[PDB]
Number of protein chains: 2
Amino acid sequence: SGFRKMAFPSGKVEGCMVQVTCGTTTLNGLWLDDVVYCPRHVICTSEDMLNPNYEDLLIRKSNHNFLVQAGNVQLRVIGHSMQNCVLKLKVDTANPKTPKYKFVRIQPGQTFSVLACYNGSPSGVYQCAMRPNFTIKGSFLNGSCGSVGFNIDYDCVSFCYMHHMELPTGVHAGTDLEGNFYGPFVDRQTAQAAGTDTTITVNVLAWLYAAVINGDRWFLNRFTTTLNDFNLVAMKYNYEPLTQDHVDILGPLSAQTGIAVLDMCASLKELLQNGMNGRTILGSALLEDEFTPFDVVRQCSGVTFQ
Amino acid sequence: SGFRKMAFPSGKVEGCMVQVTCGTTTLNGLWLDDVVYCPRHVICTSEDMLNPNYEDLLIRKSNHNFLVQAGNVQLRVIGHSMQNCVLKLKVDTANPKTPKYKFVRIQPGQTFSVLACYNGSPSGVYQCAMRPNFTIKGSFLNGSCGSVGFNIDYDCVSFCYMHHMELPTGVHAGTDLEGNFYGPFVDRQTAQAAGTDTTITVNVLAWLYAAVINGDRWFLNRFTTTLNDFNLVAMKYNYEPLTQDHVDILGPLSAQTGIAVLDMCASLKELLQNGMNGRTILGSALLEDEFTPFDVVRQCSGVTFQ
Ligand SMILES: *C(=N)[C@H](C[C@@H]1CCCNC1=O)NC(=O)[C@@H]1[C@@H]2[C@H](CN1C(=O)[C@@H](NC(=O)C(F)(F)F)C(C)(C)C)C2(C)C
Ligand SMILES: *C(=N)[C@H](C[C@@H]1CCCNC1=O)NC(=O)[C@@H]1[C@@H]2[C@H](CN1C(=O)[C@@H](NC(=O)C(F)(F)F)C(C)(C)C)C2(C)C
């Protein structure tokens, strides 16, 4: 038993982290086969940050202007190009530690692990959700850009996030590995704010099932609700609409516990309207929305990765 | 900015995980140089669990009775011995991925990362604290025994925990890597309960400093207190005594923020007496005690490991 916010093992990604320096700026890059992927703002000076013309700046760069290091080893850059907000640096050496991998654009509500890195070296690993407003609630300092987020399935690493910037609330924004931002953000030091966020309803339901599986059942009531009536309540409390797709995805947990999804919806309705009265669920005083249904099943069934 | 419960990167430990099977029982082992360390109850049948005589059971085992697998590769066992509640299986192959490592017995209040494993394969990584009552609040299923906990410093992995069992509250107990249990527990299926736990005061103070560093300062008041008077209040709320050693350890964070430790103690006193009135600190509705002062500094300063 027990339920923790658990990250994927990071070893396969650790072997891909490198340092990229251009001029005075150093950040992290991701080395896969003979390409290093990093945020394009590595080619900026501090002054270039209000409104850089990245296409112009890169025109004046040569391969030798990019210093790439894997541990102590220098990797010679033999070509370079820009794809949206990422640079692709071709190097003369293929990474011998390249895992089986894919590039994926994740959907809001989905979770992934972040391997926080500085100077090409890993600092720590933690699990995040793509928020409905296309931010993540991370932990990132100067020099962390190019740190990546990923999921693992069996032996395949699906890279889904590259870190680029921090927004006023202390929340974080970045791109997929093709360099397209999540959300309406741009890689320049101008006034930008996250949109209003919302709570990921299907994930809260998943975590309530995890609670039942671990024996924390005080919040289960005797009622049911319709989907439409539940979503009228969810809306008032800034929760995402629950769709039939979401209900279908919760099927496995509903089957395991014998609690119909709409019965769990009635129990969540009561929590939203009445609060928890100082009680906790799985050790938490707030409702948790950063576990997907798949996260719950994988952790409660012991899925492993090779 | 941001503050997350962050685990160490797990790659160095991933390379050390193996599967150990004896008879019908399979669990995890730790392969370092030419030795595999695992819980001794691998040699038990389900019936042997109420009160096994481990010394007797091991007498009847031969090297070939232990099937050790690293990935798909079998590792031939060429000797075996017991040290307290762990078995040491000498194998014919030294692990080529052995990191620089130490075995350490951690103190209550200290934190470490757990690499949860099944069948020798990693499932996930999360950060835990050794509770004052010598348990941890983990996430562990059948087959997880032999999963380890560790800290990293630079390139050195300090292994501090091996998982053995689950106690009635859904909390977890295990040994150091010399096989000595943390706390008054034994590796047998008999009635055992965790002692009453207490809150790790120095760690709560550390996390309040982390909050200030991230800009969450509403709970700072204008008062100070003496050490003695603070500990009278801490005692009532089941908090550990704060010692001068603890105050000295908080020195770096106190210097960084300019808030004297005893001034922070006065603010914590008020939180304990008055509650949070529905406010959060670093996103939490409860006071957090599983970050050490070193954890806070490392995460807020970006310490990395090579
Ligand atoms: C990558 N190394 C760095 C990560 C930041 C560093 C500050 C603390 N937390 C982080 O995630 N990225 C950047 O510094 C980055 C780059 C330049 C500015 N910027 C920002 O994150 C800025 N934020 C914003 O401009 C905005 F509010 F719009 F989000 C701040 C003000 C430095 C945080 C560009 C966007 C190219
Ligand atoms: C290791 N594979 C396994 C881990 C358990 C499995 C159950 C769910 N969570 C876990 O951490 N360890 C054991 O099964 C183990 C071994 C045998 C029984 N035991 C227990 O953990 C039991 N707990 C207790 O006896 C006690 F309450 F005293 F802590 C339970 C009842 C199976 C949980 C021995 C101690 C040799």
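Residues numbered from 1 in each chain as written, not as in the entry; some residues may be left out. Chains lettered and ligands numbered in written order. Heavy atoms only, no water.

The record names X-ray crystallography as the way this model was obtained, at a resolution of 1.90 Å.

**Student:** How do you make sense of the domain arrangement of chain A when you look at a structure like this?
**Tutor:** Note on interface size: it is often stated as the accessible area lost on association of the parts. Residues and elements named next belong to chain A. Domains assigned within chain A are domain 1 (1–14 + 100–197), domain 2 (15–99) and domain 3 (198–301). Placing the centre of domain 1 and that of domain 2 at their C-alpha centroids yields a distance of 19 Å. Listed per partner, the contact involves 34 residues of domain 1 and 27 residues of domain 2. Here domain 1 meets domain 2 over a buried area of about 2400 Å², counting both sides, of which 55% is carbon and sulfur. When the buried surface of domain 1 facing domain 2 is broken down by residue, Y101, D187 and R188 rank first, second and third, together holding 21% of it. Here domain 1 and domain 2 share one salt bridge between them. Two residues, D187 and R40, come together in a salt bridge whose shortest N-O distance is 2.8 Å. The interface formed by domain 1 and domain 2 contains 20 residue pairs in polar contact. (Domains from an automatic or database assignment. Contact = heavy atoms within 4.5 Å. Buried area = accessible area lost by both parts, 1.4 Å probe. Salt bridge = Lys/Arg side-chain N within 4 Å of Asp/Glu carboxyl O. Polar contact = N/O pair within 3.5 Å; in protein donor to acceptor, adjacent residues only side chain to side chain.)

**Student:** What exactly am I supposed to notice about the packing of helix α3 (residues 201–213) of chain A against helix α7 (residues 261–274) of chain A here?
**Tutor:** In a pair of packed helices, the angle between the axes and the distance between the axes together describe the arrangement. Residue and element names in this part refer to chain A. One way to put it is that α3 packs onto α7 with a least axis distance of 10 Å and a crossing angle of 100°. The pairing of α3 with α7 is recorded here as roughly perpendicular in orientation. Contacts between α3 and α7 pair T201, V204, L205, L208, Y209 and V212 from the former with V261, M264, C265, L268 and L271 from the latter. Residues belonging to the contact of α3 with α7 are distributed by class as follows: ten nonpolar, one polar and no charged. (Axes fitted to C-alpha atoms, helices over the stretch in contact; angles between N-to-C directions. Helix = DSSP H or I, 4+ residues; strand = E, 2+ residues; numbered from the N terminus. Parallel < 35°, antiparallel > 145°, perpendicular 65-115°, else oblique. Nonpolar A, V, L, I, M, F, W, Y, C, P; charged D, E, K, R; others polar.)

**Student:** Please clarify how the site of ligand 2 should be interpreted in this entry.
**Tutor:** Among the 22 residues in the neighbourhood of ligand 2, the closest are listed as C145, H163, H164, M165 and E166 of chain B. The environment around ligand 2 is built from residues contributed by chains A and B. Between a nitrogen atom of ligand 2 and a main-chain N or O atom of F140 of chain B, the distance comes to 3.2 Å. In the model, a nitrogen atom of ligand 2 is placed 3.4 Å from a nitrogen or oxygen of the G143 of chain B main chain. In isolation ligand 2 exposes 700 Å². Once the protein is present, 82% of that is buried. For the shell around ligand 2, the class distribution of residues is eight nonpolar, eleven polar and three charged. No fewer than three residues from each of domain 1 (1–14 + 100–197) and domain 2 (15–99) of chain B sit in the shell around ligand 2. (Near = heavy atom within 4 Å. Areas by Shrake-Rupley, 256 points an atom, 1.4 Å probe, with all protein chains shown as cover.)

**Student:** Just to check I follow, could you spell out the interface of chain B and chain A for this structure?
**Tutor:** Taken together, the 43 residues of chain B in the interface contact 43 residues of chain A. Of all residues in chain B, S1, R4 and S123 of chain B give up the largest surface area on contact with chain A, accounting jointly for 21% of the area buried on that side. Linking chain B with chain A are two salt bridges. The salt bridge partner of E290 of chain B is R4 of chain A, with a shortest N-O separation of 2.9 Å. Applying the counting rule to chain B against chain A returns 25 residue pairs in polar contact. Mapped by element, the contributors of at least two residues to the side of chain B that touches chain A are α1 (11–14), β9 (111–118), β10 (121–129) and α8 (293–301) of chain B. Here the side of chain B that touches chain A takes eight residues from β10 of chain B, the largest share from any one element. Looking at the side of chain B that touches chain A residue by residue, the class counts come to 18 nonpolar, 18 polar and seven charged.

**Student:** How do you make sense of the sheet that holds strand β4 (residues 66–70) of chain A when you look at a structure like this?
**Tutor:** Sheet strands pair via backbone hydrogen bonds, and the direction of the pair is either parallel or antiparallel. Residue and element names in this part refer to chain A. Strand order in the open sheet formed by seven strands is β5-β4-β1-β2-β3-β7-β6, and the pairing between neighbours is antiparallel. The open sheet has two edge strands with one neighbour each: β5 (73–75) and β6 (77–83). Pairs of neighbouring strands in the sheet enclose a mean axial angle of 30°, with direction left out of account. In terms of strand pairing, β6 meets strand β7 (residues 86–91) through six bridges, oriented antiparallel. Considered in β7, the bridge of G79 is made with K90. (Pairing = 2+ DSSP bridges.)

**Student:** I'm lost on the site of ligand 1 in this one. Help?
**Tutor:** Residues in close proximity to ligand 1 total 22 residues, the closest being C145, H163, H164, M165 and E166 of chain A. The environment of ligand 1 is shared, with nearby residues belonging to chains A and B. Here a nitrogen atom of ligand 1 sits 3.2 Å away from a polar atom, N or O, in the main chain of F140 of chain A. At 2.9 Å, a backbone N or O of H164 of chain A approaches a nitrogen atom of ligand 1.

**Student:** Before we go on, may I ask you to explain the pattern of salt bridges in this structure?
**Tutor:** Once their charged atoms are close, side chains differing in charge can pair, the charge on each being opposite to the other. Residue and element names in this part refer to chain A. Per the stated rule, a full pass over the model turns up 20 salt bridges over all chains. Where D295 meets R298, a salt bridge forms, and the shortest distance between an N and an O atom there is 3.9 Å. Of the two residues, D295 and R298 are both situated in helix α8 (residues 293–301); the distance of three residues between them amounts to about one turn of the helix. The two residues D295 and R298 agree in class, both being buried. (Buried < 20%, exposed > 50% of the residue type's maximum accessible area, 1.4 Å probe, protein only.)

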